[PDB]
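Participant: let's see this in three dimensions:
(chains A, B, C, D, E, F, G, H, I, J, K and L)
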Amino acid sequence: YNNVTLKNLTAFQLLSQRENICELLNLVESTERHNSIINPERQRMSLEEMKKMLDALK
Amino acid sequence: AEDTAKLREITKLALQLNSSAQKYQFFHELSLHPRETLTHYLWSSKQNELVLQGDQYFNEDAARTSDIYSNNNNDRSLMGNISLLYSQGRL
Amino acid sequence: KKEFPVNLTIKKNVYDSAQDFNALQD
Amino acid sequence: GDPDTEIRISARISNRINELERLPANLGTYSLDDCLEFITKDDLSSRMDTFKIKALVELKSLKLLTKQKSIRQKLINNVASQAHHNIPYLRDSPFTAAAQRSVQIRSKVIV
Amino acid sequence: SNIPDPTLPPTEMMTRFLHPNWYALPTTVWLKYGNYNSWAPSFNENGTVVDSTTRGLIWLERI
Amino acid sequence: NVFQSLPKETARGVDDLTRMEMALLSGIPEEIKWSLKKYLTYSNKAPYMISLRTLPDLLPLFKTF
Amino acid sequence: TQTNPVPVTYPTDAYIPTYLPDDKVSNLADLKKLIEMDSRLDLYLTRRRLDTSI
Amino acid sequence: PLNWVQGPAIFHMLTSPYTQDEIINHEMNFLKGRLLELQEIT
Amino acid sequence: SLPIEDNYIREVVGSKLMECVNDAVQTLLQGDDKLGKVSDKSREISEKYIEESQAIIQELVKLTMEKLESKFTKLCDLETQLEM
Amino acid sequence: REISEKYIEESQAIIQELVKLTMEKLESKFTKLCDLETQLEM
Amino acid sequence: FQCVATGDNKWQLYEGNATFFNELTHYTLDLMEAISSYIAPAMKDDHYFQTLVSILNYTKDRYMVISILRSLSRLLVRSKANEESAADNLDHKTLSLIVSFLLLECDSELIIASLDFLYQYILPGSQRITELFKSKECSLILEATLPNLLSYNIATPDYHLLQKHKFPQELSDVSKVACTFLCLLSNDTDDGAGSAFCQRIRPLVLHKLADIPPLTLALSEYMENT
Amino acid sequence: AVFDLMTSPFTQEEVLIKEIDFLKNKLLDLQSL
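Facilitator: Numbering: from 1, shown residues only, chains lettered A, B, ... in the order given. Sure, the structure comes next:
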């Protein structure tokens, strides 16, 4: 799995290409790949950490 | 140390940003032009399916049988170079 | 579809081995 | 792969080989169409060896089974080792065309 | 003749096939200089087909 | 009596140099692909054969693509 | 150290996209400012670690 | 002027890999088989 | 082309969704009244990816800071290491 | 959508303040350390 | 490619077509490297010299950086006598980046490509030495890296084995280039920006000449000019 | 290992000299690495 092949590159391009046309008709959820990457509690924890760094550097 | 794993995490997050940027750019170009990108999809995905369906007649139990050579004139990949490989001595 | 012919006149019976032809009895 | 089920194939091939190697060589035939030929006491009709040939074609095709596999290995590994010069949809690919173009790059000289 | 018996141990018939859709392609080679070099050109490409970003996407969606 | 003195240097058709030279001047696309692939082979294996100094009528032929 | 750099399998210091609209993000230039900050600070640390023995 | 000359020996190997390390090991053998045959001409 | 062991192989050893998606695309590439609806869906999908990308940018900006701060401490050690 | 919208507008004023604060810190660090290095050179 | 190297809004590159352009621009930069020797008379408003200095500050490819440094080194051979585009279009970011490559003590080909460009840039010496020894971060790298590149990849006689009891006779590839660059830098007369620099480096170069006897045969003119 | 016949203004001995001048440079470039 360290290297890529012709079939691997073609299958990678095909899996990256089908999921774009799959979202226009909206027949897939694609919410677990959304919320686990956004993570709004992690975002507000990030804002609290930047505010804590402001309070520590002032 | 922790610097190598930290740079690994920053590089992985930059690759996630590159994925999000390319997925934004594809829908942005599809919003700019709707015509010549769907025919582009119907061409390129069909060619990618033809490439991924180009290695199916060379399996273990598929080559030991006789449903490759016999009566498969619609395949056109093999059984046409036997007049060329015999003239070169490859047998 | 090309198929290998199953020659039943040459093969010997396995279950009974008594109703075969006299040239295939020995 | 799967060597456990290939010995079971070879044991069925060798069974038919040992069965065909127990048939008598003095095998003759008699069809139901010879009555139009009027076979006399010494006639030698031309429909006597219609099954002795077919009893040898199978016996000598079960022995040339390993002979045809070498010709098939010399054919498949010569028509499929390239697979990107006669097949059009594999040579019209963006990865394959760029790879075949980029493997022919001559090295750059210095000054 | 000189042909072998068909109850021989080499009978797999597919062991060195190596189909051309499974060939390894030359991709971008990431290089490492040291622990305190963040302005140097990191990776190198000479005759590569794919980009470092689209290979890093494959590295992302596999590991 | 006349089919015994054929020169062997040109009995296989025309040679590959003028064959690939007329291939780019023709309109057959698979023939143009084959000629450009073989010129990519000659440019790696023997660059002095297809150099512009030896062949003067080679520089307008590659600019059209 | 060696003469050639060490070939590694993991990616390092990937690109940043510049085709994103800056009217909504307004942070890619600030990320570039952070990158040039890190490069200047690493430049000074590398010059100090080379001048600490020569 | 026309001179029918033999072309150079082009290494056209049967299999066609794409990695560089699987080409040099056969290219060195091709050079050892080519230069030792063209050495006796001169 | 000789079936010999093909009898013995048979003795021993006895999608639609993407085609429907491609047919839907082929029906959408006939009338001009649907491409505006596809573009209006893709506009809010692009807004969803803007919201996807900006949080990743902010997380990169956060994760740069600690790696910088360790080098700031290494820099502040030099103020005494040079005075010695 | 409002949860991600709330913590994305107020964050940019935090980022653009703290990066400028680190710039104002590093400028006062380097303008002292370069004078110390010139005194060491002397 | 200048739009991609800068980041302008015009001609936004399509990500599905980036593989049709990344392998396209290398074959154009190779032709620029090939024709870089014959465009050696350069003008002030040279589009090639304006474009490639913005190419160099964006790319992250080692081979491309080496190609740009070779194309800019072999273009300024017979450079000028009074003024050229090289004295003005350097906007203090590229010149601070080419000199900063010399800290890469592992890789050597980038050091060769940087020192060759500096050797071709230092050839006028009138408005080049004061330009190179101008800022506070570009004239202090060579205070320590330039003696360090002399005894590089050379088996110097160590002293830790002599202190813990309880000769190379050769040089390297970068050593002759660094000695030639330092000897041509030593030709700065009338106590300008070069002679003021070379007086603070000789007590450190003399420590390296005490250990390497090829450095006695090398650096001939710098010892005569102190 | 394929061969070819072609027309050229150079003779066969000069083509062999150019092959020597190309293949010795290729050998000196490949044996060094």
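Participant: where does the residue of chain G found nearest chain H sit: helix, strand or coil?
Facilitator: Residue of chain G nearest chain H, by C-beta to the nearest C-beta: residue G:7 (12.4 Å). (C-beta placed from N, C-alpha, C; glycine too.) Put simply, residue G:7 is strand when judged by DSSP: H, G, I helix; E, B strand; the rest coil.
Participant: quick check: it touching residue E:33?
Facilitator: No - Residue G:7 lies out of contact with residue E:33 (C-beta atoms under 8 Å); the separation is 11.7 Å.
Participant: more crowded one of those two?
Facilitator: residue E:33 (22 against 11; other C-beta atoms under 10 Å in any protein chain shown).
Participant: contacting residues around that one?
Facilitator: Residue E:33 makes contact with E:40, G:5, K:104, K:106, K:107, according to C-beta atoms under 8 Å, 6 or more residues apart in numbering or on different chains.
Participant: now residue K:120. Its backbone dihedrals?
Facilitator: Main-chain torsions, residue K:120, degrees, to the nearest 10: phi -80, psi -20.
Participant: can you pull the contacts of it?
Facilitator: Contact analysis of residue K:120 by C-beta under 8 Å, 6+ apart lists K:73, K:74, K:76, K:77, K:79.
Participant: and for the closest residue to chain J within chain L, the neighbour number?
Facilitator: Closest residue of chain L to chain J, C-beta to the nearest C-beta: residue L:33 (42.3 Å). Neighbours of residue L:33 under the rule other C-beta under 10 Å: 5.
Participant: make JSON lines from the contacts of residue E:33 and add neighbour count and distance to residue B:46 to it.
Facilitator: Output for these, formatted as JSON lines (neighbours: other C-beta atoms under 10 Å in any protein chain shown; distance: C-beta to C-beta, whole Å):
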{"residue": "E:40", "neighbour count": "22", "distance to residue B:46": "43"}
{"residue": "G:5", "neighbour count": "25", "distance to residue B:46": "42"}
{"residue": "K:104", "neighbour count": "21", "distance to residue B:46": "48"}
{"residue": "K:106", "neighbour count": "18", "distance to residue B:46": "48"}
{"residue": "K:107", "neighbour count": "21", "distance to residue B:46": "46"}
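Participant: from the residues you listed, pick the one nearest chain A.
Facilitator: residue G:5 (18.7 Å).
Participant: find the residue closest to the closest one in space, skipping its chain neighbours.
Facilitator: residue E:31 (3.7 Å; C-beta to C-beta, 6 or more residues apart in numbering or on different chains).
Participant: and the one you found, helix, strand or coil?
Facilitator: Criterion first, three-state DSSP; result for residue E:31: strand.
Participant: residues contacting residue K:139?
Facilitator: With C-beta under 8 Å, 6+ apart, residue K:139 has these contacts: K:132, K:133, K:197.
Participant: what's the closest of the contacts of residue E:33 to chain D?
Facilitator: Distances from chain D to these, taken by C-beta to the nearest C-beta, are shortest for residue K:107, at 16.6 Å.
Participant: pull the contacting residues for the closest residue to that closest one other than its chain neighbours.
Facilitator: Spatial nearest neighbour of residue K:107, excluding adjacent residues (C-beta to C-beta, 6+ apart): residue G:5 at 5.5 Å. Residues in contact with residue G:5 (C-beta under 8 Å, 6+ apart) are E:31, E:32, E:33, K:62, K:106, K:107.
Participant: and the helices in chain H?
Facilitator: All helices of chain H, identified by DSSP state H, fall at H:21-38.
Participant: and the residue nearest the centre of it?
Facilitator: residue H:11 (4.3 Å; C-alpha atoms, centre = their mean).
Participant: how far does the helix or strand harbouring residue B:40 sit from the chain's center?
Facilitator: Counting by DSSP states H and E, the element that carries residue B:40 is helix B:38-52. Remark: helix B:38-52 is offset 10 Å from the chain centroid, using C-alpha atoms, centre = their mean, to the nearest Å.
Participant: what's that helix in contact with?
Facilitator: Helix B:38-52 has contacts (C-beta under 8 Å, 6+ apart) with A:6-7, A:10-11, A:13-14, A:17-18, A:21, D:89-90, D:92-93, E:21, I:22, I:25-26, I:28-29.
Participant: can we see that at 10 Å?
Facilitator: Contact with helix B:38-52 is made by A:6-7, A:9-15, A:17-18, A:20-21, A:24, B:29-30, B:33, B:37, D:87-90, D:92-96, E:21, I:18, I:21-22, I:25-26, I:28-29, I:35, I:38, K:16, as judged by C-beta atoms under 10 Å, 6 or more residues apart in numbering or on different chains.
Participant: now stretch D:4-12
Facilitator: Stretch D:4-12 is contacted by residues B:64, E:5-9, E:11-12, I:5, I:7-9, I:11-13 when judged by C-beta under 10 Å, 6+ apart.
Participant: tell me the buried residues in that stretch?
Facilitator: Residues of stretch D:4-12 classed as buried by neighbour count (16 or more other C-beta atoms under 10 Å in any protein chain shown): D:9, D:10.
Participant: put the alpha carbons of that stretch into PDB.
Facilitator: What follows is stretch D:4-12, C-alpha atoms only, in PDB (Å, rounded to 0.1, in the frame of the first residue of the first chain):
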ATOM      1  CA  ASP D   4      -6.100 -28.400  -1.600                       C
ATOM      2  CA  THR D   5      -8.600 -28.500  -4.500                       C
ATOM      3  CA  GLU D   6      -6.100 -29.000  -7.300                       C
ATOM      4  CA  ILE D   7      -5.000 -32.400  -6.100                       C
ATOM      5  CA  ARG D   8      -8.700 -33.400  -6.300                       C
ATOM      6  CA  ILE D   9      -8.700 -32.200 -10.000                       C
ATOM      7  CA  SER D  10      -5.500 -34.200 -10.800                       C
ATOM      8  CA  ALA D  11      -7.000 -37.300  -9.100                       C
ATOM      9  CA  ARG D  12     -10.000 -37.100 -11.400                       C
END
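Participant: for chain I, give me its nearest residue in chain H.
Facilitator: For chain H, C-beta to the nearest C-beta, closest residue to chain I: residue H:14, 25.1 Å.
Participant: the host helix or strand of residue E:57 and chain G, are they touching?
Facilitator: When secondary structure is defined by DSSP H and E, residue E:57 falls within helix E:52-60. Yes - Helix E:52-60 lies within reach of chain G by C-beta under 10 Å from any C-beta of the partner chain, at E:52, E:53, E:55, E:56, E:57, E:59, E:60.
Participant: setting the sequence-adjacent residues aside, check what's closest to the first one.
Facilitator: Pointing back at residue E:52 there. residue E:28 (4.3 Å).
Participant: rewinding a little: tell me which of the contacts of residue K:120 is nearest to chain D?
Facilitator: residue K:74 (7.5 Å).
Participant: I figured residue L:2 was touching residue H:6, is that so?
Facilitator: No - contact criterion C-beta atoms under 10 Å: residue L:2 and residue H:6 do not qualify, at 11.6 Å.
Participant: find the nearest non-adjacent residue to the residue nearest to the centre of chain H, please.
Facilitator: Of all residues not flanking residue H:11 in the chain, residue H:30 sits nearest, at 4.7 Å (C-beta to C-beta, 6+ apart).
Participant: ok, that neighbour - how many residues close by?
Facilitator: Counted with other C-beta under 10 Å, residue H:30 comes out at 15.
Participant: who touches residue H:37 in this structure?
Facilitator: Counted by C-beta under 10 Å, 6+ apart, residue H:37 has contacts residue H:9.
Participant: next one: it from residue L:3, what distance?
Facilitator: Look at residue H:37 and residue L:3: by C-beta to C-beta, to the nearest Å, they are 13 Å apart.
Participant: what's the overlap in contacts for those two?
Facilitator: residue H:9.
Participant: what helix or strand is residue K:70 on?
Facilitator: helix K:62-73.
Participant: distance of residue D:90 from residue K:48?
Facilitator: For residue D:90, the distance to residue K:48 equals 40 Å [C-beta to C-beta].
Participant: same deal with residue D:27?
Facilitator: From residue D:27 to residue K:48 the distance is 91 Å (C-beta to C-beta).
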